[PDB]
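The figures that follow rest on heavy atoms only: side chains count, while hydrogens, waters and symmetry mates do not. Starting from 1, each residue takes its place in the sequence as its number.
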Amino acid sequence: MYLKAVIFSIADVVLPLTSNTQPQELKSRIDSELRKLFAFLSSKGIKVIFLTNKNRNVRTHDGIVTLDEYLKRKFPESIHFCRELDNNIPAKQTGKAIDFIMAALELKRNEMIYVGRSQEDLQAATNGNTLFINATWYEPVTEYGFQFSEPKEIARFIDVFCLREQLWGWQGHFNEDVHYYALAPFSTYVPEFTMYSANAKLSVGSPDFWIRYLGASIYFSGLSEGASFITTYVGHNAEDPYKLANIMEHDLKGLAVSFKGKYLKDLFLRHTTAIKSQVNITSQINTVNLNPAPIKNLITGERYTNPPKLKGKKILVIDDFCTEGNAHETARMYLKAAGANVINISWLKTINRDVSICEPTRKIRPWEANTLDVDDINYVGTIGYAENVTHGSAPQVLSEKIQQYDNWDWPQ
């Protein structure tokens, strides 16, 4: 098991608090779905924790009861860590209540996730470096994605992405600074399979499917630890380089929030159109660089006034396809030149294609255009495909995983 406990907060999750003008049938439906979720978790051996501050009064049809009485009668198979009832529990928003639960239940930090909605619970989860599961069935969120609109979505996320032994279908390392991960193997029989149309929706899967796959694998693998930045690469056409980022921006913002990191949508610039390749690697190197003024505030559009501080910072680079690695290696080359610690993550790894690892013989000016000759490339090694496929991973599983996700329903 990767996931051994799910923490639930109360406000706008178990009980609607912000509003008292909700659809009259919704609270009963949510209670029914929460019981299904908790029973599902129990059936998988996963503990249900309520983490609360006050043993607040709760109005019921029969009268007022305490929160502990309410939870124990409605959701008896649970663990209620309530600060008002136990002075040993640290203040939630410090993050240290996570440390308390880890010790009390003898669990690792990334053996738990944290379902909440309020800003106070977002801080409790993220300051405790636990994955935040943003529950939006009582209070909507418009600023970013990676949301869970009803309790069934949490069970679907867990069942599809969190219970399998293999979080990555392919992964490899080279020297001490090259780290490649891919969610699933991929093989096709057409020459240039597109993930999205020329002029936008995805062709394979969906934004919610991929962000949930990414979130689970990055988190339960331990790979999110210490990540400061998440970014995407750029398409080959300088006139339209952000088609993937544009589709995934909403959800990548939400994943960054949940990781206590920052999503830099336009850290990479495609200043000139290149040959599509993921072909000599100079085609990539000579047509991209780092943006010295990326968007700092995706709400306002305000840009950094000085280049982001990347030295010694861990950055997750996410792309859709990895074939021979020309895109990821170029992304790594620029970020490494700026002093960052780079993780290269792909949705899909093309089968029977090896990744050539490259290092420049000449110095890179990472924040502006560079023009390298083919002789300026040192091919230092290879992360092969066959040698690094994880057990049970085949190009046939992605189809089955999307089908399982798209048609998911409560089991019997």
Side-chain angles (χ1 to χ4, degrees), residues 1-6 32-46 48 110-113 115 131 133-137 145-171 181-189 193-196 201-221 223-224 244 247-248 250-252 254-255 258 318 320-322 345-351 389-412:
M1 252 191 305
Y2 291 115
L3 181 63
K4 293 180 178 172
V6 182
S32 178
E33 293 292 300
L34 286 173
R35 285 198 157 170
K36 283 185 181 174
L37 175 59
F38 301 155
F40 169 80
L41 292 174
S42 177
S43 82
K44 304 297 185 182
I46 300 171
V48 171
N110 69 333
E111 284 175 332
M112 313 184 313
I113 66 185
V115 180
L131 187 69
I133 305 296
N134 194 8
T136 57
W137 48 79
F146 190 47
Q147 314 173 10
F148 296 78
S149 66
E150 59 176 318
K152 181 185 183 157
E153 297 302 326
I154 303 174
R156 172 155 76 149
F157 170 74
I158 291 167
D159 198 46
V160 172
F161 303 111
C162 306
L163 306 184
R164 285 211 100 220
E165 304 192 66
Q166 286 329 293
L167 299 170
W168 303 106
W170 175 87
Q171 68 201 105
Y181 304 80
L183 294 173
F186 179 80
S187 74
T188 189
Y189 51 93
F193 184 83
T194 61
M195 182 63 80
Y196 39 81
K201 265 161 150 292
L202 294 177
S203 69
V204 181
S206 65
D208 48 302
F209 170 85
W210 286 115
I211 201 76
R212 287 170 174 183
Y213 207 168
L214 279 163
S217 294
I218 294 161
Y219 179 72
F220 290 107
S221 68
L223 194 57
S224 67
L244 187 61
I247 292 160
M248 294 303 298
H250 192 60
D251 283 306
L252 286 166
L255 186 61
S258 179
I318 300 170
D320 47 5
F321 294 96
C322 180
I345 293 161
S346 307
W347 299 1
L348 300 171
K349 175 69 198 73
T350 306
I351 68 167
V389 175
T390 63
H391 181 259
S393 301
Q396 313 314 50
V397 303
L398 179 64
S399 45
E400 302 177 324
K401 203 182 202 69
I402 296 171
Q403 291 180 234
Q404 184 200 0
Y405 178 89
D406 284 352
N407 295 282
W408 196 92
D409 198 6
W410 293 111
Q412 281 85 237

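- Put simply, OH on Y196 and OG on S203 are 9.5 Å apart, with the number rounded to the nearest 0.5 Å.
- Looking at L163 and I158, their side chains come closer than 4.5 Å, going by heavy atoms from C-beta outward.
- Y405 has its ring centre less than 6.0 Å from the ring centre of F161.
- The side-chain heavy atoms of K152 and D409, taken from C-beta on, include a pair separated by under 4.5 Å.
- Here the side chain of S42 pairs no donor or acceptor atom with the backbone of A39 at under 3.5 angstrom.
- Closest of all the heavy-atom pairs between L167 and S221 is CD1-N, 3.4 Å.
- Taking all atoms of both residues into account, the shortest heavy-atom contact from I247 to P207 is CG2-CG, 4.0 Å.
- Neither side chain, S393 nor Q166, offers a donor N or O lying under 3.5 Å from an acceptor on the other.
- Across all non-hydrogen atoms, the minimal contact from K349 to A182 is CB-CB, 3.5 Å.
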Quick one, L252 with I318, criterion side-chain contact (heavy atoms from CB on, under 4.5 Å). Give me CA distance, side-chain angles, the key distance, then yes/no. CA-CA 10 Å; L252 286 166; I318 300 170; 4.1 Å; yes
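- Judged by distance alone, with hydrogens and angles left aside, the side-chain atoms of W210 form a donor-acceptor pair with the main-chain N or O of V204 at under 3.5 Å.
- Each of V115, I133, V48 was compared with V6 under the side-chain contact (heavy atoms from CB on, under 4.5 Å) criterion, and only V115 meets it.
- A heavy-atom distance below 4.5 Å is not found between the side chains of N134 and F146.
- Interatomic distance, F157 CZ to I154 CD1, rounded to the nearest 0.5 Å: 9.5 Å.
- Note that the SG atom of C162 and the CG atom of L131 stand 8.0 Å from one another [nearest 0.5 Å].
- In terms of modelled atom types and a separation under 3.5 Å, the side chain of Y2 and the main chain of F220 share no donor-acceptor contact.
- Here the straight-line distance linking atom NE2 of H250 with atom CD of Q147 works out to 5.0 Å at 0.5 Å rounding.
- In this structure, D159 contributes its side chain and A155 its backbone to no donor-acceptor pair below 3.5 Å.
- From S206, atom OG reaches atom NZ of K201 across 8.0 Å, with rounding to the nearest 0.5 Å.
- Of the possible donor and acceptor atoms, none in the side chain of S187 sits under 3.5 Å from a partner among the backbone N and O of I351.
- Residues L183 and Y213 approach most closely at O-OH, 3.3 Å, considering heavy atoms.
- Partner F186 forms a ring pair (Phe, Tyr, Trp, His ring centres under 6.0 Å) with one of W347, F193, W170 and no other, that one being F193.
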For the pair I345 and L223, evaluate side-chain contact (heavy atoms from CB on, under 4.5 Å) and give the outcome as yes or no after the intermediate values. CA-CA 10 Å; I345 293 161; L223 194 57; 3.9 Å; yes
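- A side-chain donor-acceptor contact under 3.5 Å links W410 and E33.
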Should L348 and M195 be marked as a side-chain contact (heavy atoms from CB on, under 4.5 Å) after you check the CA-CA gap, both sets of side-chain angles, and the distance that decides it? CA-CA 11 Å; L348 300 171; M195 182 63 80; 3.8 Å; yes
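- Geometrically, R212 engages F148 in a cation-pi contact, judged by NZ or CZ lying under 6.0 Å from the ring centre and within 45° of the ring axis.
- Nearest heavy-atom pair across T390 and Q171 is CG2-OE1, 3.5 Å.
- The heavy-atom pair separating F209 from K401 by the smallest distance is CE1-O, 4.0 Å.
- For the atom pair CG (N110) and NZ (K4), the distance works out to 10.0 Å, reported to the nearest 0.5 Å.
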